[PDB]
Amino acid sequence: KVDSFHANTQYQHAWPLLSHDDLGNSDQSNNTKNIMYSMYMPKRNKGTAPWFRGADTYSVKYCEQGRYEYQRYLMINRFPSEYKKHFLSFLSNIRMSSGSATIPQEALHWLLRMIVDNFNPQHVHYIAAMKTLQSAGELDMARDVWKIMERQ
Amino acid sequence: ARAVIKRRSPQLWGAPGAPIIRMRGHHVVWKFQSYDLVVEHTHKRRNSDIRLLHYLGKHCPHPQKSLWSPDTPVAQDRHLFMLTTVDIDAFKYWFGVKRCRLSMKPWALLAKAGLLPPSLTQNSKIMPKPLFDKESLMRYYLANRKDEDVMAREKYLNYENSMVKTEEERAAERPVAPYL
Amino acid sequence: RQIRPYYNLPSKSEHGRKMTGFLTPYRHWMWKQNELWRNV
Amino acid sequence: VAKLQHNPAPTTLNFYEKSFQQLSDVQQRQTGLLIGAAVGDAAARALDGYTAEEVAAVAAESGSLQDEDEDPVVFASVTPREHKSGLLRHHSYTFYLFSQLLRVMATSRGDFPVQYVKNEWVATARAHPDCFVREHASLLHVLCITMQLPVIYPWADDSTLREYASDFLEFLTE
Amino acid sequence: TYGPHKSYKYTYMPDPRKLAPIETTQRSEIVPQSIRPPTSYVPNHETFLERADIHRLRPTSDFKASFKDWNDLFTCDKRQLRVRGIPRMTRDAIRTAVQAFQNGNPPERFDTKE
Amino acid sequence: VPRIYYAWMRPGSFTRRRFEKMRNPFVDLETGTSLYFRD
Amino acid sequence: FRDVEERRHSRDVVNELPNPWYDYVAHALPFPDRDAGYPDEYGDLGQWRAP
Amino acid sequence: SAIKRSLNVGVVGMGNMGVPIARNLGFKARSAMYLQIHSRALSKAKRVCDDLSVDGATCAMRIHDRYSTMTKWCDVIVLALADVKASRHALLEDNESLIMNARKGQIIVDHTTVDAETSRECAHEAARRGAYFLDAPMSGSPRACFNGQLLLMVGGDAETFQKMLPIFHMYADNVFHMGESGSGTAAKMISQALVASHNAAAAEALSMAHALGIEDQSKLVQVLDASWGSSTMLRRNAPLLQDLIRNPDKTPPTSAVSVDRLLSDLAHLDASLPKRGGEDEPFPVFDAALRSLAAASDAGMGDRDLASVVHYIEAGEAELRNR
Amino acid sequence: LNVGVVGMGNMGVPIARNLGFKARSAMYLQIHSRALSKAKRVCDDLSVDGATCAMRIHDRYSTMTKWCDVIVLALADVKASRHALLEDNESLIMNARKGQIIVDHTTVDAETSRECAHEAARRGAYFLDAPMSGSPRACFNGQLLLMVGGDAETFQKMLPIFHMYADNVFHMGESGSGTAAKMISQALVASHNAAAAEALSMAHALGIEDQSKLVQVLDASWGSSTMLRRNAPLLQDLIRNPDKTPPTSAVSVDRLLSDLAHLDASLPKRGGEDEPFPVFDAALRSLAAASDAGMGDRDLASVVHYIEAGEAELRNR
Amino acid sequence: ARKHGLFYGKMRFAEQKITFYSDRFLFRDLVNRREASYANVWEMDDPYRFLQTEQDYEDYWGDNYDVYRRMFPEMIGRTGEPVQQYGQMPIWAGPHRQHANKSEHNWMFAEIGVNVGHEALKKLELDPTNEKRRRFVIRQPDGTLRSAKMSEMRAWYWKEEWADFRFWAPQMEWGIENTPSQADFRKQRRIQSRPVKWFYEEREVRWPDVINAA
Amino acid sequence: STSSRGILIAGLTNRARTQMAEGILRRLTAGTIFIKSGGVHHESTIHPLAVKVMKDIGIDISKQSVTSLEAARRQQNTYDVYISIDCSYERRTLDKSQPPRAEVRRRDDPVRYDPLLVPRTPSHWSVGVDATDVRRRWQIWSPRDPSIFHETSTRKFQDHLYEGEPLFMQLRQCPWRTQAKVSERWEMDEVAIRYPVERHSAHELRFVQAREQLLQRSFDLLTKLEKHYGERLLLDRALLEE
């Protein structure tokens with residue numbers, strides 16, 4: 001009896017192929033009669049409607065830009081005390097001895113973080129990195145440090 | 001370290017303690033409950049505006065039917081789906097360099113992704129746990145022991161470095177006739 | 001947490017904990033078997 | 001046109017059956033070279049050493065066939081003579097040495113120096129000395145290994161392909 | 001045909017994923033549930049239950065009559081355990097003791113009530 | 001009054017003409033309609 | 001355990017296939033390598049908090 | 001030659017047990033049938049199609065109001081009506097009846113429980129026409145149809161039975177080939193007799209329990225189930241039987257399978273048993289169950305559940321006294 | 001606790017063996033017998049096969065009752081059970097303690113259980129009756145049906161003891177409902193066997209040849225029963241070859257009729273001159289006709305030949 | 001499909017974007033795209049040459065046609081991407097834990113963080129040719145690790161409901177107007193990809209010198 | 001005249017191994033006892049290779065039928081034996097289109113493990129539920145229900161696409177094997193699905209070799225059941241000699 005009572009009061013037969021709109025306008029057949037009804041709808045909705053920007057695309061620059069092309073050169077300013085603090089911290093991190101919990105690659109990593117943070121590594125930082133990597137036996141990494149200096 | 005301890009949520013080694021991957025829930029009926037893999041302190045901070053250290057991802061514990069069945073149907077692609085988003089780079093950062101802790105529920109969830117081995121508590125009820133004998137273990141080790149240099153080089157490749165240049169690459173990088 | 005099996009040294013004290021926390025030498029041995037399976 | 005499933009017929013036969021539909025026209029042949037080489041080698045494995053008269057004898061002996069059951073030669077159930085191990089149970093040494101080059105090419109993602117695979121091939125040779133002496137410096141062996149290279153760039157002039165393959169042929173003929 | 005559109009297979013144009021089949025598989029397909037036979041230490045389910053009873057708020061020993069046999073105790077899941085009418089804590093204690101026995105840890109723990 | 005009332009009942013529209021027909025089954029649509037909304 | 005597992009894994013063929021999730025880390029840097037469009041350095045009509 | 005096509009399967013009855021068959025076929029066709037839905041009331045047929053479509057089918061559906069269109073469209077037909085009279089009207093008696101108008105190779109299956117002679121005539125005239133007829137009485141509730149758990153006792157050509165197994169397995173779990181030409185009807189007849197006997201036995205047993213003073217009906221059912229004697233009919237009717245005995249004034253509920261249904265089914269047995277010359281009375285307990293069910297039906301309780309027999313055992317005995 | 005077994009018939013010795021085996025010295029075991037040599041033999045056999053608890057052997061109900069806490073009777077006949085429980089001078093229930101428990105497993109009348117329970121309640125003890133159904137091999141293996149009727153808390157106290165020799169133990173209610181459960185179960189078994197005979201005879205009359213398939217059809221349909229599932233494979237041959245004598249079985253027509261003989265006494269009145277029992281009475285008619293034909297000890301599948309006689313008494317009476 | 005009493009409308013433009021009459025370069029781009037585009041594309045044209053089998057034809061055109069046409073807005077010869085598989089890392093626990101990772105459900109994981117999850121970069125982030133794909137992974141209920149299919153990968157971004165039935169890229173003009181012209185991180189990336197078995201073994205590698213054969 | 005209330009033979013499919021086991025048990029018991037063989041998925045047909053291989057020994061299972069044991073699940077407490085035929089959990093593959101995987105070899109191409117470090121399943125342990133111990137639970141959430149049609153209804157397996165869910169299947173557990181008096185699990189590889197390249201002769205040889213194991217297993221089961229009930233069940237005993 002429940003199935004007998006529960007009839008299809010919800011759905012309606014689909015749209016035929018070339019059917020019109022509920023306002024009577026149509027595309028490719030009814031032209032300049034079609035009206036725009038986006039201004040009758042409420043100005044704001046408290047949650048995106050199923051048709052909210054469903055089809056939206058972006059420029060091809062976004063998908064064809066190279067990597068790191070968008071980074072703009074801005075000069076970060078900091079106090080001289082901050083400069084001294086950060087330079088000493090980076091030098092200590094570079095000079096941290098390997099073996100226990102740090103691996104020799106970490107000296108090069110900490111040299112590169114100086115660059116990525118918009119710091120100018122000093123000749124003392126370069127000397128420390130080369131010395132530590134040579135003492136660890138990473139001569140190729142030492143030459144990599146030299147090449148980083150030159151590229152800077 | 002409180003005169004009267006928080007009886008219902010005790011911990012180890014005080015606050016805020018080491019970072020930990022927990023599977024945080026929401027104050028919602030189970031019917032909509034979903035979890036989020038977050039990195040946080042052992043003693044949950046509900047004082048600062050910063051509740052957690054990093055948001056690794058989200059997990060939906062309710063299976064969803066495969067909406068993608070027609071697309072190149074592969075073996076058993078119609079089984080229900082359990083959706084999850086995971087930050088693998090941040091997870092590797094916090095797991096490796098920061099040596100944070102990992103709860104068993106997140107460990108089991110991540111073992112499904114190929115990022116970690118099956119958990120210690122994901123024990124099959126069938127096989128009993130092993131029984132060890134020093135003599136048999138020694139016999140096996142001697143029977144097939146690796147050699148010093150191969151063992152050391154495998155360890156070095158796994159932990160210390162993986163970009164070791166060949167003689168050919170060193171020669172290619174080596175500068176050429178003009179020398180300027 | 002630490003398991004207190006019924007068969008370790010009991011403290012015959014009525015002013016504290018009724019079971020001590022020591023253990024029989026068998027419990028020492030089997031605990032290693034669990035320790036090793038955890039170590040792998 | 002879909003028939004009634006009185007039995008639990010499988011929706012898809014192979015994992016990559018539907019994946020091969022999603023390959024461009026040229027990519028289908030690019031992949032087909034490698035997959036067909038593997039399939040042919042795996043079909044020929046069971047009868048690798050058999051002479052022409054012996055394969056004919058196998059075909060004659062296996063004379064029970066249904067409508068389209070199978071041809072006895074493609075994956076013959078005849079017991080092989082040499083017991084092998086690892087992949088050699090299903091593929092020849094030439095294809096063993098072929099697959100390592102395929103893997104190196106796949107991980108390399110395009111053309112690459114021969115040094116990326118010199119050592120893989122040398123380890124294979126050290127592992128299987130008898131097959132190494134039996135098949136090394138052979139025209140068939142070298143050509144079978146080297147048919148791969150064009151798939152790195154299906155349309156390149158003969159000069160480009162030959163200069164590219166000169167290094168691999170150098171090492172395989174040394 | 002039933003629908004007004006004699007041209008459409010489905011008159012209501014349901015989403016083609018409404019009709020997508022849903023396959024299924026049971027945890028039994030993956031792993032079985034073996035039953036660990038009673039030992040001399042806990043010969044029967046009542047002994048198991050009284051051994052599991054250690055806590056004053058988890059009176060597992062009050063429900064020896066809630067299970068028919070060793071296998072009935074060991075096969076009943078959390079849902080049937082609740083249906084039989086057991087408190088939350090006693091239910092969880094019974095389930096955890098059974099699972100520990102399955103994993104190889106018998107119910108051997110010191111009664112903390114005193 | 002609905003929010004799309006004006007689009008629905010704008011004179012000369014398909015919906016407005018249908019309403020006019022259903023209100024008077026045998027009007028002359030070219031001249032039998034009303035410009036205004038007033039009832 | 002490790003040695004038996006490693007010999008088994010090497011002798012297995014399917015698991016020799018590469019795994020992008022376990023093999024490497026991609027972009028361990030603090031910032032994206034390309035511009036996703038954001039940020040928008042301009043307010044909005046409903047927004048009074050300009051800076 | 002022919003053209004690749006999807007076999008046309010039609011469903012005729014659509015009673016309580018007819019529409020579940022169509023729903024199962026529509027859900028499980030997977031676009032291989034182009035199902036047909038015949039009904040005397042085209043409103044009823046269209047309602048079935050609309051509900052099935054909104055619930056979501058996997059095949060197209062065609063509504064039918066008269067048997068000629070069904071004959072010409074369907075390749076296979078399944079017919080599940082209420083009464084043997086309606087089955088006869090559809091299959092043989094009507095001017096445009098299916099069997100009387102069957103095409104070469106067409107297949108017809110009946111699930112309505114009809115008489116052995118009716119099935120024999122249907123199969124014989126179908127064979128004359130050249131088509132094939134399988135008499136496939138079914139057992140199981142509409143709930144069992146929804147779950148896909150029905151018994152089918154098919155009698156007919158083994159070739160056609162094997163060909164039609166894929167369609168049967170869409171709404172019937174236990175499908176057996178009892179033989180040919182009425183074997184299924186005989187099996188269903190025996191099953192109905194057994195059901196009646198066991199229902200009477202269970203009613204008497206639970207009355208015994210109440211009289212002896214047992215109120216733990218669930219525990220009694222458990223003991224019987226684990227013990228040497230227990231029937232599916234007792235397990236089915238036990239709760240209702242106790243609920244109905246304990247308060248004797250309570251009117252029995254109405255169910256799809258009813259006393260009139262059993263009586264109509266057993267009338268075919270009364271017709272088909274032999275030894276009319278010896279007045280065919282060798283079955284005492286079956287006679288007693290028939291008596292009690294007849295008393296229940298005469299009591300105006302013929303539309304209710306089979307459990308109503310409790311209130312009418314003694315009425316049947318009084319009728320026996322009146323002999 | 002001290003549990004003592006007194007029955008020691010043919011079905012009682014397995015109870016004593018199982019109690020001794022599974023006691024594991026956790027509960028004390030007592031054995032009583034009418035003759036001491038038999039009980040000495042039983043204790044010797046149990047010890048030779050393994051005895052965990054010291055066992056004591058009794059010739060007298062006085063010692064039996066004044067020593068043990070639980071008494072378990074597994075006797076042969078109602079008269080023997082009544083002798084043990086009430087009418088004896090050293091009667092167990094008469095001399096019962098204020099707290100000891102007595103259980104009876106022999107199939108006695110509802111009224112017998114009534115007097116037993118009433119006297120136990122008078123003396124302050126708890127008596128609950130648990131008629132048993134099964135085979136002696138089922139007792140050996142530890143499978144039995146016990147349907148106990150009595151106090152709920154005492155039943156709970158008795159659960160562990162029962163499981164030592166029983167698998168399926170149920171509580172049918174208070175005041176000796178176990179005997180009613182056993183009695184009604186037997187009546188229902190007889191009725192289902194009769195109905196199965198009818199169905200198979202009718203199938204043969206209709207001329208359906210393949211009974212192998214019809215057995216599964218009936219088992220999967222409604223109205224199925226274990227009695228059909230059991231007697232079908234024999235009945236098929238027995239109806240097509242009515243000449244062969246039905247084979248002997250442990251469960252017999254005489255046993256069913258003896259166990260049904262308590263129904264008349266347990267029912268309220270027979271003077272109504274009518275049967276409020278159509279199916280059950282029809283089954284009884286055929287069972288009695290089979291017994292009077294010299295086929296009493298044969299199988300339960302013999303109802304087919306005497307169903308026709310099951311109508312003569314209905315017509316004449 | 002529609003429901004009762006909702007009076008659905010019609011959408012005239014797929015998206016809100018600047019018209020092509022507003023710029024000389026947008027006008028030229030549209031003219032070139034139209035010339036490279038069809039006007040009416042049928043089941044026989046080039047874009048459908050990937051339906052090489054009659055079963056492919058029937059399954060594409062019979063049902064789930066909406067799904068197939070919506071899997072990608074642009075018109076290509078694939079309607080999807082091939083799947084592949086990944087190797088499972090060695091479990092040192094062994095057969096004690098080989099039973100894990102087998103479940104009743106497909107587990108899908110999609111990567112997030114910086115450099116991932118940007119809508120503007122969608123076509124580049126799920127492009128197989130990109131070194132930095134989003135690395136989706138599916139674990140099957142039988143423990144298999146596989147990549148994701150194009151639709152599963154595309155389901156993790158914002159909805160995109162439109163199609164292009166007339167632009168077919170291969171017929172773009174070439175050689176008249178369209179005549180395209182032209183640190184050690186790349187070496188380091190090649191080193192990363194390169195096999196490293198040589199570390200265990202100018203001392204150039206040579207074939208084995210056979211000893212048993214002498 | 002037997003004391004057994006029946007024996008069930010559960011399987012995932014009821015095509016080849018369950019049918020052959022039913023035939024062998026029926027022949028050995030000479031039809032004196034009830035045997036019901038069922039599978040979880042009934043949408044199948046008895047395999048012609050199974051029929052031919054059973055004929056080669058003398059039993060024709062051609063009359064039997066593929067059916068599921070849903071009816072017997074409601075009565076599971078009455079049947080006395082619960083044989084369950086299934087594949088090994090180690091070689092099991094959820095993809096029917098592949099040969100079985102390799103077992104774990106204990107103690108050189110396969111890696112052989114230590115029996116102490118990787119112990120086997122103890123044989124004295126019983127099985128609670130195997131793959132053959134499940135029951136189908138059909139369900140449907142129609143949009144015609146006004147509570148399921150509402151936008152915020154959780155009776156769905158999706159969101160934003162449609163409402164409700166058409167007829168779908170789910171498998172429940174039936175942990176009642178142990179309720180039976182004799183429950184056993186028989187480990188046999190699949191035989192009803194042909195490997196990608198197999199030839200009919202080898203596909204039939206697999207059926208034959210599985211028939212041998214089914215025969216021996218049924219003989220052992222009947223011996224232990226004879227010891228259990230105490231009666232004689234190997235009434236035929238004509239096949240074991242060969």
# chains A, B, ... in the order shown; residues from 1 in each chain; ligands from 1

call {"tool": "interface_residues", "arguments": {"of": "chain H", "to": "chain I", "cutoff": "8 Å", "atoms": "only C-alpha atoms", "output": "JSON, numbers by chain"}}
result
{"H": [139, 140, 151, 153, 174, 176, 178, 183, 186, 187, 190, 191, 192, 193, 194, 195, 196, 197, 198, 199, 200, 201, 202, 204, 205, 208, 209, 211, 212, 213, 214, 215, 216, 219, 220, 223, 224, 226, 227, 228, 229, 230, 231, 232, 233, 272, 273, 274, 282, 283, 284, 285, 286, 288, 289, 313, 314, 317]}

call {"tool": "residues_around", "arguments": {"residues": "residue 13 of chain G", "least_positions_apart": "4", "cutoff": "9 Å", "atoms": "only C-alpha atoms", "output": "list in words"}}
result
residues 87 of chain D; 9 and 17 of chain G

call {"tool": "write_last_selection", "arguments": {"atoms": "C-alpha atoms", "output": "JSON list (two decimals), in the first residue's frame"}}
result
[["chain", "number", "residue", "atom", "x", "y", "z"],
["D", 87, "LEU", "CA", 62.75, -14.40, -16.09],
["G", 9, "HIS", "CA", 61.28, -8.07, -3.69],
["G", 17, "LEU", "CA", 57.76, -1.01, -11.25]]

call {"tool": "interface_residues", "arguments": {"of": "chain K", "to": "chain A", "cutoff": "10 Å", "atoms": "only C-alpha atoms", "output": "CSV table (one decimal) with C-alpha atoms, in the first residue's frame"}}
result
chain,number,residue,atom,x,y,z
K,142,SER,CA,13.8,5.2,-4.4
K,143,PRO,CA,13.4,8.9,-5.0
K,144,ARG,CA,9.7,8.5,-4.7
K,145,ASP,CA,10.2,8.5,-1.0
K,146,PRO,CA,9.8,12.1,0.2
K,149,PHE,CA,14.2,12.9,-2.2
K,160,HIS,CA,25.0,16.6,-6.4

call {"tool": "interface_residues", "arguments": {"of": "chain E", "to": "chain C", "cutoff": "9 Å", "atoms": "only C-alpha atoms", "output": "PyMOL selection string"}}
result
chain E and resi 108-112+114

call {"tool": "write_last_selection", "arguments": {"atoms": "C-alpha atoms", "output": "PDB file, in the first residue's frame"}}
result
ATOM      1  CA  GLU E 108      45.955 -12.647  32.427  1.00  0.00           C
ATOM      2  CA  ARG E 109      45.872  -9.347  34.303  1.00  0.00           C
ATOM      3  CA  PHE E 110      45.766  -8.308  37.938  1.00  0.00           C
ATOM      4  CA  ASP E 111      42.351  -7.570  39.442  1.00  0.00           C
ATOM      5  CA  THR E 112      42.587  -3.930  40.565  1.00  0.00           C
ATOM      6  CA  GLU E 114      40.796  -4.089  45.941  1.00  0.00           C
TER       7      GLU E 114
END

call {"tool": "interface_residues", "arguments": {"of": "chain H", "to": "chain J", "cutoff": "12 Å", "atoms": "only C-alpha atoms", "output": "PyMOL selection string"}}
result
chain H and resi 30-31+54+58-59

call {"tool": "residues_around", "arguments": {"residues": "residue 83 of chain E", "least_positions_apart": "6", "cutoff": "12 Å", "atoms": "only C-alpha atoms", "output": "list in words"}}
result
residues 66, 67, 76, 77 and 91 of chain E

call {"tool": "write_last_selection", "arguments": {"atoms": "C-alpha atoms", "output": "PDB file, in the first residue's frame"}}
result
ATOM      1  CA  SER E  66      24.609 -14.129  28.166  1.00  0.00           C
ATOM      2  CA  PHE E  67      26.490 -16.541  25.872  1.00  0.00           C
ATOM      3  CA  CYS E  76      29.487 -12.549  18.450  1.00  0.00           C
ATOM      4  CA  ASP E  77      30.439  -9.088  17.200  1.00  0.00           C
ATOM      5  CA  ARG E  91      30.746  -4.809  26.108  1.00  0.00           C
TER       6      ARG E  91
END

call {"tool": "interface_residues", "arguments": {"of": "chain K", "to": "chain J", "cutoff": "8 Å", "atoms": "only C-alpha atoms", "output": "ChimeraX atom specification"}}
result
/K:93-94,104,118

call {"tool": "interface_residues", "arguments": {"of": "chain E", "to": "chain A", "cutoff": "7 Å", "atoms": "only C-alpha atoms", "output": "PDB file with C-alpha atoms, in the first residue's frame"}}
result
ATOM      1  CA  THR E  11      11.953   9.323 -20.467  1.00  0.00           C
ATOM      2  CA  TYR E  12      13.334  11.030 -17.355  1.00  0.00           C
ATOM      3  CA  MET E  13      16.942  11.213 -18.618  1.00  0.00           C
TER       4      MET E  13
END

call {"tool": "residues_around", "arguments": {"residues": "residue 119 of chain K", "least_positions_apart": "2", "cutoff": "10 Å", "atoms": "only C-alpha atoms", "output": "PyMOL selection string"}}
result
(chain B and resi 126-131) or (chain J and resi 95-96) or (chain K and resi 106+113-117+121-122)
